[PDB]
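Written out below as structure tokens is the structure these notes cover.
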Amino acid sequence: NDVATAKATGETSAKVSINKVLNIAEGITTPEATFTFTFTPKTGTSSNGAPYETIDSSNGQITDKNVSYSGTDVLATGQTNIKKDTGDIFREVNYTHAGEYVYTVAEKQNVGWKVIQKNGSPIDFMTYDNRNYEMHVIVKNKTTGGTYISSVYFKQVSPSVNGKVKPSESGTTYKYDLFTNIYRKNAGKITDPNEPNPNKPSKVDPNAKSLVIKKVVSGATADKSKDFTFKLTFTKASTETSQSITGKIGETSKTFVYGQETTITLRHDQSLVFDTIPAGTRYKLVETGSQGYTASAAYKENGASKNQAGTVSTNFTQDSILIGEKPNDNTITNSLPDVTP
């Protein structure tokens with residue numbers, strides 16, 4: 001009932017569900033896409049010498065099964081894995097003669113919504129799983145009656161794994177986390193702050209900057225030409241292969257390629273923009289607090305504009321704010337009190 005994983009049942013049909021794992025970053029709202037799984041029969045020989053008795057002639061035809069995702073789904077402070085399973089794939093299917101029935105389970109590509117685009121220029125990037133699997137169904141006869149699904153196990157044929165595929169949840173419905181997909185979205189301000197998530201509109205600009213950081217100086221008796229020092233530590237995301245956000249760009253005059261640890265300098269009305277950068281990227285801002293200057297900030301973690309302030313002549317640490325799928329900005333204002341008359 002757990003011999004090298006596999007499925008289990010007593011004189012009853014086994015129930016099996018394919019689980020689709022979808023990888024996603026923090027800021028991003030779940031897209032509206034569907035994934036499709038093909039059950040194509042395969043021939044060969046079994047343990048007994050049965051010719052993989054396979055019929056698709058009305059009998060033993062496993063039709064394709066679907067898992068859909070919508071905006072209504074949420075990785076509620078979970079993993080980078082919003083998982084959704086099929087039903088029993090063996091509902092509505094009937095067997096006729098018994099023996100070993102073998103199928104080649106795969107997933108089609110281009111079946112979903114990487115089509116969150118403007119003028120053909122995309123914002124996102126749906127990455128599919130084009131693995132090939134092999135599913136063995138072992139149908140035996142009931143002592144009085146007809147057929148019952150005794151056992152089912154899987155194997156991978158693409159990456160040559162000489163091992164049974166392990167389950168997710170053993171029990172009533174055996175669940176199997178077969179296909180794992182990744183939804184990358186270079187967001188930032190690319191999505192506008194008008195909740196146009198389910199409804200694509202077109203409130204989107206593909207060439208909008210991701211993050212914009214201004215240094216503002218406040219006060220009459222304040223230096224507009226002082227170069228204030230910022231220590232920025234931008235983190236990567238789940239669905240980001242860019243090595244420590246290799247291409248963190250962020251150009252004032254030079255590239256300033258970032259990645260996990262950096263330091264920059266700004267004057268009044270001077271800004272450093274990162275164009276078209278992935279979502280789910282968190283960042284730590286630390287300004288070296290100058291003598292007599294009080295530092296404050298008015299940012300946009302997702303499309304929600306927030307503010308934080310510090311103290312006079314004190315280093316200003318922001319504890320991991322997030323660049324997400326809706327607008328992302330920050331205006332760091334440095335104020336100095338004007339000398340009393």
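For the structure I just gave you, tell me whether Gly219 is surrounded by 19 or more Cβ atoms within 10 Å (Cβ to Cβ) and either on the phi > 0 side of the Ramachandran plot or touching a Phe, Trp or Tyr at 6+ places or on another chain (Cβ under 6 Å) (or both). Break it down into steps so the answer makes sense when it comes.
Working: surrounded by 19 or more Cβ atoms within 10 Å (Cβ to Cβ): no; either on the phi > 0 side of the Ramachandran plot or touching a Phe, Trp or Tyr at 6+ places or on another chain (Cβ under 6 Å) (or both): yes.
No.
Which one of these does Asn66 not meet: (1) touching a strand residue (DSSP E or B) at 6+ places or on another chain (Cβ under 7 Å); (2) of a type in the set (S, T, N, Q); (3) farther than 30 Å from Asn199 by Cβ?
It fails just one condition, (3).
Could you tell me whether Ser271 is out of contact with any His (no Cβ under 8 Å at 6 or more places or on another chain), surrounded by 14 or more Cβ atoms within 10 Å (Cβ to Cβ) and not assigned by CATH to the domain that holds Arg184? It would help to see each step written out before you state the result.
On the way: out of contact with any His (no Cβ under 8 Å at 6 or more places or on another chain): yes; surrounded by 14 or more Cβ atoms within 10 Å (Cβ to Cβ): yes; not assigned by CATH to the domain that holds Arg184: yes.
Taking the combined requirement at face value, the residue satisfies it.
Can you go through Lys20, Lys7 and tell me which one is in the same structural domain as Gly171 (by CATH), under 28 Å from the mean Cα position of the chain (by Cα) and among the charged types (D, E, K, R)?
Details: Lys7 fails: under 28 Å from the mean Cα position of the chain (by Cα).
Of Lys20, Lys7, the one residue that is in the same structural domain as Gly171 (by CATH), under 28 Å from the mean Cα position of the chain (by Cα) and among the charged types (D, E, K, R) is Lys20.
Among the residues of the range 200-235, count how many are part of a loop (DSSP other than H, G, I, E, B) and within 30 Å of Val115 (Cβ to Cβ). Spell out how you get there, then give the answer.
Within the range 200-235, the first condition is being part of a loop (DSSP other than H, G, I, E, B), and the residues that meet it are 200-203, 205-208, 219-227, 235.
Those left that are additionally within 30 Å of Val115 (Cβ to Cβ): 200-203, 205-208, 235.
The total comes to 9.
Would you mind stating whether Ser17 is outside any loop (DSSP other than H, G, I, E, B), surrounded by 14 or more Cβ atoms within 10 Å (Cβ to Cβ) and hydroxyl-bearing (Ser, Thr, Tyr)? First the steps, then the outcome.
Working: outside any loop (DSSP other than H, G, I, E, B): yes; surrounded by 14 or more Cβ atoms within 10 Å (Cβ to Cβ): yes; hydroxyl-bearing (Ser, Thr, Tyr): yes.
So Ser17 passes the test.
Mind checking which residues of the range 242-277 are touching a strand residue (DSSP E or B) at 6+ places or on another chain (Cβ under 8 Å), over 30 Å from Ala220 (Cβ atoms) and β-branched (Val, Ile, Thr)?
From the range 242-277, those touching a strand residue (DSSP E or B) at 6+ places or on another chain (Cβ under 8 Å) are 245, 248-252, 256, 258-277; that's our starting set.
Filter once more, keeping what is over 30 Å from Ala220 (Cβ atoms): 245, 248-251, 256, 258-262, 274-277.
Within the range 242-277, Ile245, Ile249, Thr262, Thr276, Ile277 meet the criteria.
Pick out, from the range 86-199, the strands (runs of 3 or more DSSP E) lying fully within it that include 2 or more residues that are within 20 Å of the chain's Cα centre (by Cα).
Output list reads 124-127, 174-185.
For the range 131-154, indicate whether the set of residues that are out of contact with any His (no Cβ under 7 Å at 6 or more places or on another chain) and under 23 Å from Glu325 (Cα atoms) is non-empty. Spell out how you get there, then give the answer.
The initial filter retains those residues of the range 131-154 that are out of contact with any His (no Cβ under 7 Å at 6 or more places or on another chain), namely 131-151, 154.
Right, trim to under 23 Å from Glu325 (Cα atoms) and you get none.
For the range 131-154, residues out of contact with any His (no Cβ under 7 Å at 6 or more places or on another chain) and under 23 Å from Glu325 (Cα atoms): absent.
Basis: the model, the stated rules and, where named, an outside source; none is laboratory data. Positions of Cβ are generated from backbone atoms using ideal geometry, with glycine treated the same way; all protein chains shown enter the neighbour counts.
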